[PDB]
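Each chain is listed here by its residues.
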Amino acid sequence: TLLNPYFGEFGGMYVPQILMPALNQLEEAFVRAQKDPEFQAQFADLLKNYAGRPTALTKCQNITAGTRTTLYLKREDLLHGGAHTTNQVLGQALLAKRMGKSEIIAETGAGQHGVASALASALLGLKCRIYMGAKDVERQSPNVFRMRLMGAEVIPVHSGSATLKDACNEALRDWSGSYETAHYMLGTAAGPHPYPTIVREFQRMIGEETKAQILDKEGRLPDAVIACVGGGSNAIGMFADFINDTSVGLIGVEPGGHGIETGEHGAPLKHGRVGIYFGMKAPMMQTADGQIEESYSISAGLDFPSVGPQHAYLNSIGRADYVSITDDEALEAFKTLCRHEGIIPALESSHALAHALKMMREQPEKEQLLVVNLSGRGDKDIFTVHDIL
Amino acid sequence: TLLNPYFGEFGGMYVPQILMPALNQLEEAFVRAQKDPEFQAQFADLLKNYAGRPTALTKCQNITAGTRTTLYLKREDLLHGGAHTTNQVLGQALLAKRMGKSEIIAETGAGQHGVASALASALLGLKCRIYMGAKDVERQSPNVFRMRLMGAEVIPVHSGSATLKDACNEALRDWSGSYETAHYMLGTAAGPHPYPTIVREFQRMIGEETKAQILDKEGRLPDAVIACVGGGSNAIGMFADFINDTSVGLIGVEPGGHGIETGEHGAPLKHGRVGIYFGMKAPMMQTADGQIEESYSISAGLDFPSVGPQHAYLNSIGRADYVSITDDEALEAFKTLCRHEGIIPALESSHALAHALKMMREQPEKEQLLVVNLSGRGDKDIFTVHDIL
Amino acid sequence: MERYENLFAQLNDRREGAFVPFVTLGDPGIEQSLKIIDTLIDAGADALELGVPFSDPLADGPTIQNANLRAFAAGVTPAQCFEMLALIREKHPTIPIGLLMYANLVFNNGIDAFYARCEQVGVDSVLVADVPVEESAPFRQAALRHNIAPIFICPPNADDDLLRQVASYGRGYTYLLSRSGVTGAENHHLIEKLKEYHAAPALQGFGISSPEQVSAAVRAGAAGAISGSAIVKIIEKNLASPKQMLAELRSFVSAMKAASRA
Amino acid sequence: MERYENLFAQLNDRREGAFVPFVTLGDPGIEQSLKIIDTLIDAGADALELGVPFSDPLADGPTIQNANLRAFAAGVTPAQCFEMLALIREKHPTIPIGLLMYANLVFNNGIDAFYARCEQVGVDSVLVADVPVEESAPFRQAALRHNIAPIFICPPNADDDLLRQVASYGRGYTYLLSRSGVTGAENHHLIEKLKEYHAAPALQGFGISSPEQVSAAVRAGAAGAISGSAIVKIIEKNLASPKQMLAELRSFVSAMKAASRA
Ligand SMILES: Cc1ncc(COP(=O)(O)O)c(CN[C@@H](CO)C(=O)O)c1O
Ligand SMILES: Cc1ncc(COP(=O)(O)O)c(CN[C@@H](CO)C(=O)O)c1O
Ligand SMILES: O=P(O)(O)OC[C@@H](O)CO
Ligand SMILES: O=P(O)(O)OC[C@@H](O)CO
Ligand code: NA
Ligand code: NA
């Protein structure tokens, strides 16, 4: 392979033999594209002029009142589509086309990668199938209608928990069968190499822009950057340019679900053990017998029982710290961003936010410059958060 | 007054005597603010760092195929809140605060000004009441829940057609009673002076940015800028910097509803006669006896039987041309933007778009550089457009 | 124009304040509207404030808004209003009748053409609810040429130059406001200054429903009180027993007018 | 390791192709699973491919997925699988049994610890469905140390170096794929090259349900055919009449095995 598939012991290519040349085709395509100035140039043009980038870095006026915490947000919620998701998908559709492919299979949990997969397929002209679990189809339906109006097909996975795991499964089952015509647009920095490296590289603008922005506004780098972690893409997009500046801590937030202690959560990296599933060796939530476990979160984009490998590695060597946030703590940070800052965040991004509030209000006299990645908008969520009354 | 309230015969201050000093307070406040460098500076900071501006100018790749038309869109749909609406409201909340006011009354039809009025009141700390017609509350409900979660109150006007006219009415009825504490955040460049001038000045960045952008991409100014017209704000925000460049035509699109000929439409400026209502002398839709008429459109933000005065004037001297688009023609341009460009537009902005397609496909060999103001996203609309099956 | 001077001279004369009822022309049907108007004159009405039903009542609370809808359902147009205005002038030639209007209905047929139809029918004053003093010039020049008194509102927040302008351009009476808001049946330096400027008789306006407010007003210096919603509420209330309606109306007016001794 | 060499020598000997059934261990309950396995051996089975039920069957179509759920509802764990594997080795000591696995279940208890339990119970080969050749080293070194044949898949899109690696590391038989996809009951240069490289006997895999595919395969150069879903579908179909199930199964196997003469 031209690039390393392991982040310490984590990573790998744990696929059916039949998909291996395909993964190998992709890694070559990626290495070619990254040096191709003509690829770089039009990835850029569509990021700027179509997706709407640079995204802004907003200072919080009201939630930090009577605390020595300054809190900026990175506004990926203002990105065409409504989430960080769109930056990666544009690079990957361009890779699909460079490789003469013409269908796109993708899987979705919050519906945001589905929607972003439909918008880029319609723009660049590719046909598109999307698997989505039957429970996420209900609790995330705004994103369903949005996909079908753009002409994508979404297919309801009823097996298992009927959630992202179950969509990943049907998505890989179809790509093994279709890999000739179809590229598989993977949702996160998870699964088989080269996907952990591609999703990160196609999302590192998030942190390259924050570093530049904070330095212009504050003349110094943050004390900590915080991001929520379901599979790992927004977090690694954010962490990536910061990793060699040892002064900047990096915190990642996993779903605490109904509370770790209930079993009902989605916190692999800190409360699961290494396993092998979905093409990788990464922390996982499993029974004593190695049967993969069903996770839980109030938020569909975070309801996933494994975590991408580079997060597993940055945890292990102690360069990033991972924490969890309950359903209730994420609802509290949603209600507070709405009412005191006039931004509805996605329930996914609220887990990252709710940790930053906890950091602030537990030590109010601590002087600390924080940055939270506001990865998406809460438009998909407003019907659900409002039946919690 | 320090500024002129008439655009040729159109305009004026046709209010109850009791609100006049209030309108006079506001015009003074506006003139002070516009010269106050400290006002300008923080209007800017919140436009850039909070709303997310400059908005992008996107070239259409696929809808112009086999035509000599180049079509750019101005992406006000990528503005915090989801519509052009947010630029004006930030300036006006700042004016409300400069004048020691603390409540905000506003009226809404598409829900987008309501939502933008709630987000700025929550950010700048002002209490906020919103009137919205009972039919728009149903056909635009995503925007309702969004308002209430940000802590605003929306009040359902059931009188009349239960649409924006009826909300404007209850909104002015309450402000006459509350003008001491409360500012009235008017929805558009319509009603009593100084509001036609304030809304335009607080929306002209739209066109100042397009002029700059097109000149950088094309080295020449457009052949035409197109925008839809319900009350008039996005259109005048777009037209304003272009008015002295006689080479640039300006087209404005009114709801043709079920077809002009059915009576069921919202096209005052081209199919109504001058009247006096809502604080102005402007074209209006009325019976033979001067009773104001109920309009119709598939889109709630365009369902309004009068038009702001400066549009009435630019029409009259022949510097801007106004046209209409049927419900069906706007649904066709929605379906086409989704599926070939991967952008869901608001049904309001689709009327402007559907005219540009008509311009293109009627004369396919005509070499023409067009610009459409994509004023909002279609998220409020997806449930409704999808029961039209 | 003159019927007012008449009334104010004979009222000043027999030392009492004026009592002006309000009703929307045509509510709850033309036939019963005309009888309500005769019973109002019968029971004690010094002059009359009448409304022509508008679609969008910008300065009106709900009683009047529903009154308008009752009228509209009875099929009342601006033309039926003028034809019933001449039938009640034909039998009560003394009483000042003032029309309370909205600008679109004045402006519709040509502003000057409106004033002429008023003159023709026997109308004394026109109050246009939504044209401020600074916009009045077309309306006040055309009513003067057709000898209709231009009525202007004096608001609680009026200043130096405004009381001066209202005093100069006004005629008939100065409509003096009680409160901010829109017409609803619920809840001195200005009167002095108006008289200093020689503004015609201050009649007090929004929200009188109680006789003691009338007495109070007159006592304060107001040449009378105007009551509107209070009366319409009895039309609404008794729509089912017309007899009892006319009967309760009568009672209400005489009491209200009794209160005018000062 | 050896039971395969045995079978392939005696089959080459009496000039016929091999017939390997597939069943998921424990479907539709342990008791009937063991009887299905005896009837399969009874009717014609040359060797056995067996599945240990996994939660997430990455390379399996629906018949096998539901089979897994039937097993799971019957309460079958990896431990009940090993304890039933030793009971059927205890009464059929000749037959090669191969286990078809997913990597998490091998890896769970320690990879080497897995291979040892296999050895202990009487298992001949382990096919790990999701570990490609380039990831096999931990798995192939630990099965060699416990004398279990490492089985590898040869895909229709295999190249030069891959057929070389599969030939070097493989043992038992080379699992030769019929098509792309996941296990479902529906729809030469490689065999030559594999033999040139000295890769153990190519058994053909996905989607055989028809006897003529068996004959065809053997005729093509494949040392036998593997059939899976086809068989499980009769377990599913006849869950209500166990008698008729065992009876229809028998019939199916003998026919399928009859087709192996070439
Ligand atoms: C706004 C937002 N932010 C974050 C995430 C979590 O994923 P991340 O861990 O990859 O960064 C999601 C999930 N997005 C995926 C997975 O469910 C999708 O298919 O919709 C999201 O919707
Ligand atoms: C996206 C979008 N674009 C355009 C308009 C039409 O108004 P404009 O004529 O003022 O520019 C609307 C209306 N907005 C108003 C009026 O109904 C609101 O209260 O929601 C809109 O929602
Ligand atoms: O405020 P009201 O209720 O007395 O009604 C006002 C009308 O008479 C009209 O001047
Ligand atoms: O493709 P099938 O249906 O024959 O089933 C494949 C399994 O036997 C396992 O190798
Ligand atoms: Na996860
Ligand atoms: Na309009």
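For each chain, numbering restarts from 1 and follows the sequence as written, which can differ from how the entry numbers it; residues lacking coordinates are not listed. Lettering of chains starts at A and numbering of ligands starts at 1, both following the order in which they are written. Only hydrogens and water are removed before side-chain values are computed, so all heavy atoms of the structure are retained for them.

As recorded in the entry header, the structure was determined using X-ray crystallography to a resolution of 2.5 Å.

Note the following rule: UniProt positions are given in the numbering used here, feature names are shortened, and annotations may be inferred rather than shown by experiment.
Under the PDB entry, the name given to chain C is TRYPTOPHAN SYNTHASE, and the organism recorded is Salmonella typhimurium. Chain C has a UniProt comment under Catalytic activity that states "(1S,2R)-1-C-(indol-3-yl)glycerol 3-phosphate + L-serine = D-glyceraldehyde 3-phosphate + L-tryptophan + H2O". Annotation of chain C in UniProt includes, under Subunit, the sentence "Tetramer of two alpha and two beta chains."

Named according to the PDB entry, chain A is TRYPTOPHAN SYNTHASE originating from Salmonella typhimurium. Within the UniProt record for chain A, the comment given under Subunit is "Tetramer of two alpha and two beta chains."

**A word on the overall build of chain C**
Put simply, the rule is: Runs of H or I in DSSP of at least four residues are treated as helices and runs of E of at least two as strands, each being numbered from the N terminus. Each radius of gyration is computed over the set of C-alpha atoms, and the globule rule expresses the reference value as 2.2 Å times the number of residues to the power 0.38. Working definition: with a 1.4 Å probe on protein chains only, accessible area under 20% of the residue-type maximum means buried, over 50% means exposed, and in between means partly exposed. The Shrake-Rupley method, run with a 1.4 Å probe, gives the accessible areas here. Residue values count only the displayed protein chains as cover.
Along the backbone of chain C there are 12 helices and 9 strands. Over its C-alpha atoms chain C spans a radius of gyration of 17 Å, differing by no more than 12% from the 18 Å that the globule rule assigns to 262 residues. Overall, the C-alpha framework of chain C stretches about 50 × 40 × 35 Å when taken along its three principal axes. Counting across all 262 residues of chain C, residues that qualify as buried make up 60%. Taken as a whole, chain C presents about 10,200 Å² of accessible surface, with 52% of it coming from carbon and sulfur.

**Examining the packing of helix α4 (residues 78-89) of chain C against helix α6 (residues 111-121) of chain C**
Residue and element names in this part refer to chain C. Where we set the bar: The axes are straight lines fitted to the C-alpha atoms, using for helices just the contacting stretch, and the angles between their N-to-C directions are given from 0 to 180°. For classification purposes, an angle smaller than 35 degrees is called roughly parallel, one larger than 145 roughly antiparallel, one from 65 to 115 roughly perpendicular, and anything else oblique. A contact between two residues is defined here by any heavy atoms of the two lying within 4.5 Å. Classification used: nonpolar for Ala, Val, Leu, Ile, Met, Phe, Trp, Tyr, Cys and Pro, charged for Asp, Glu, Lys and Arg, polar for all others including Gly.
Direction vectors running N to C along α4 and α6 enclose 30°, while the axes themselves pass 9 Å from each other. Taken together, α4 and α6 sit at an angle that is classed as roughly parallel. Of the residues in α6, those touching α4 at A79, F82, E83, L85, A86 and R89 are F114, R117, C118 and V121. Classifying every residue of the contact of α4 with α6 gives 7 nonpolar, no polar and 3 charged.

**Regarding the coordination of the sodium ion (ligand 6)**
All names here are of chain B. In plain terms, the rule: A donor here means any N, O or S atom no more than 2.8 Å from the metal (3.2 Å for Na, K and Ca); water is not included, so a site may seem to lack partners.
At 2.3 to 2.5 Å from the sodium ion (ligand 6) lie its protein donor atoms, namely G230 (O), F304 (O) and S306 (O). Binding-site remark: the sodium ion (ligand 6) is held by donors from one chain whose sequence spacing is G-x73-F-x1-S. Of the two residues, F304 and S306, both sit in the buried class.

**So, the environment of A:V371**
Residue and element names in this part refer to chain A. Structurally, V371 is set in strand β14 (residues 368-374). Judged by relative accessible area, which is 0%, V371 ranks as buried. Measuring from C-alpha to C-alpha, the distance between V371 and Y72 comes to 4.8 Å, with 299 residues separating the pair along the chain. Discounting chain neighbours no more than four positions away, the residues touching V371 are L57, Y72, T210, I214, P222, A224, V225, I226 and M238.

**Points about the sheet that holds strand β14 (residues 368-374) of chain B**
By way of backbone hydrogen bonds, the strands of a sheet pair with one another, either parallel or antiparallel. Residue and element names in this part refer to chain B. Selection rule: A pair of strands is treated as paired once DSSP finds two or more bridges between them.
Spatially, 6 strands are ordered β3-β4-β14-β9-β10-β13 in an open sheet, and the strand pairing comes out mixed. Because the sheet does not close on itself, it has two edges, and the strands there are β3 (57-59) and β13 (321-325). The sheet shows a mean angle of 25° between the axes of neighbouring strands, taken without regard to direction. Strand direction decides the pairing type here: strand β9 (residues 224-228) and strand β10 (residues 249-255), joined by 5 bridges, are parallel. Residue pairing for β10: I226 is matched across the bridge by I251. Across the face of the sheet, helix α13 (residues 327-341) comes into contact with β3, β4 (69-75), β13 and β14 while running at roughly 85° to β13.

**A closer look at the site of ligand 3**
All names here are of chain C. Note the following rule: Here a residue counts as near a molecule or strand whenever at least one of its heavy atoms sits within 4 Å of it. Pairs of N or O atoms are called polar contacts if they sit within 3.5 Å, as long as, within protein, a hydrogen donor faces a hydrogen acceptor (for residues adjacent in sequence, only side-chain-to-side-chain pairs).
In the vicinity of ligand 3, the residues found are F22, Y175, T183, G184, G205, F206, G207, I226, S227, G228 and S229. Residue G184 places a main-chain N or O atom 3.5 Å away from an oxygen atom belonging to ligand 3. Backbone polar atom of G228 to an oxygen atom of ligand 3: 3.1 Å apart, as the coordinates give it. In isolation ligand 3 has 320 Å² of accessible area, and contact with the protein removes 98% of it. In the shell around ligand 3, the residues fall into 4 nonpolar, 7 polar and no charged.

**A look at the site of ligand 1**
Residues and elements named next belong to chain A. Keep this limit in mind: Here the limits of each domain have been adopted from an automatic or database domain assignment.
What surrounds ligand 1 is a group of 22 residues, the closest being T108, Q112, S233, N234 and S375. Contact distances for ligand 1 include 3.1 Å between an oxygen atom and a backbone N or O atom of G111. With respect to ligand 1, the backbone of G230 contributes an N or O atom lying 3.1 Å from an oxygen atom. Relative to its free-state accessible area of 510 Å², ligand 1 is covered by the protein chains to the extent of 96%. Going through the elements one at a time, β5 (103-108), α4 (112-124) and α10 (233-239) are the ones with two or more residues in the shell around ligand 1. Of the residues contributing to the shell around ligand 1, the split by class is 4 nonpolar, 15 polar and 3 charged. The two domains that each donate at least three residues to the shell around ligand 1 are domain 1 (7-51 + 85-203) and domain 2 (52-84 + 204-389).

**Brief notes about the pattern of salt bridges**
Condition: We define a salt bridge as a side-chain nitrogen of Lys or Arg found within 4 Å of a carboxyl oxygen belonging to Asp or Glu.
Enumeration over the complete set of coordinates arrives at 76 salt bridges over all chains. Here B:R377 ties to A:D379 by a salt bridge, and the two come within 3.3 Å at their closest N and O atoms. Separated into two different chains, B:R377 in the loop between β14 and α15 (382-385) and A:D379 in the loop between β14 and α15 (382-385) make up a pair that spans both. Take B:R377 and A:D379: they sit in the same class, and that class is buried. C:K193 is paired through a salt bridge with C:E196; the nearest N and O atoms lie 3.7 Å apart.

**Some remarks on the interface of chain A and chain B**
Using the following cut-off: Two parts placed together each lose some accessible area; with a 1.4 Å probe, that loss summed over both constitutes the buried area.
At the interface, 37 residues of chain A touch 37 residues of chain B. Across the interface of chain A and chain B, roughly 3,300 Å² is buried in total on both sides, 62% from carbon and sulfur atoms. There are 4 salt bridges connecting chain A and chain B. For B:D379, the salt bridge goes to A:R146, with nearest N and O atoms at 3.9 Å. Run the count over chain A and chain B and you get 20 residue pairs in polar contact.

**Some remarks on the environment of A:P16**
Within the secondary structure, A:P16 sits in the loop between β2 (10-14) and α1 (20-35). Here the alpha-carbon distance between A:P16 and A:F30, two residues 14 residues apart in the chain, equals 21 Å. When sequence neighbours within four positions are dropped, the list of residues in contact with A:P16 reads D:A129 and D:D130.

**Some points on the interface of chain A and chain D**
Accessible area lost when the parts come together is the quantity often used to give the size of an interface. Counting residues at the interface gives 30 residues for chain A, matched by 34 residues for chain D. Carbon and sulfur atoms make up 53% of the area that chain A and chain D hide from each other, which totals about 2,500 Å². Counting across the interface, chain A meets chain D through 1 salt bridge. Across the pair A:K165 and D:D56 runs a salt bridge, and its minimum N-O distance is 3.6 Å. One can count 14 residue pairs in polar contact joining chain A with chain D. Looking at the side of chain A that touches chain D, the elements that each hand over two or more residues are β2, α1, α7 (164-178) and β11 (273-277) of chain A. The leading source of residues in the side of chain A that touches chain D is α7(A), at 7 residues. Among the residues making up the side of chain A that touches chain D, the classes are represented as 15 nonpolar, 9 polar and 6 charged.

**Quick notes on the arrangement of the chains**
Among 3 pairs of chains with at least one contact, chains A and B form the most extensive contact set. These two, chain B and chain D, are apart from each other, with no contact and a minimum C-alpha gap of 30 Å. Chain C shows no contact with chain D. Their nearest C-alpha atoms sit 66 Å apart.

**Quick notes on α4(C)**
All names here are of chain C. Applied cut-off: For a helix, the expected span equals 1.5 Å multiplied by the number of residues minus one.
Look at α4: 17 Å from first C-alpha to last across 12 residues, which is about the 16 Å you get at 1.5 Å a residue. Among all positions in α4, only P78, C81, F82, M84, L85, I88 and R89 are buried. Packed against the buried residues of α4 are α1 (2-13), α2 (30-43), β2 (48-51), β3 (97-101), α5 (103-108) and α6.

**Some remarks on the relation of the copies chain A and chain B**
Think of it as a corkscrew move, a rotation about one axis and a shift along it, taking one chain copy to the other. Which entries qualify depends on this criterion: Each copy is overlaid on the others through least-squares superposition based on its C-alpha atoms.
The transform that puts chain A on chain B rotates by 180° and translates by 0.0 Å along the axis, for an RMSD of 0.0 Å. Here the copies are linked by what is in effect a two-fold axis. Taking C-alpha positions as reference, the residue of chain A nearest the rotation axis is A:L78, located at 3.1 Å. By residue overlap, the copies meet face to face through one surface: 100% of the interface positions of chain A are interface positions in chain B.

**So, the coordination of the sodium ion (ligand 5)**
All names here are of chain A. At this site the sodium ion (ligand 5) is bound by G230 (O), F304 (O) and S306 (O), with donor distances of 2.3 to 2.5 Å. Mapped onto the polypeptide sequence, the residues donating to the sodium ion (ligand 5) form the spacing pattern G-x73-F-x1-S. Judged by its relative accessible area of 1%, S306 falls in the buried class.

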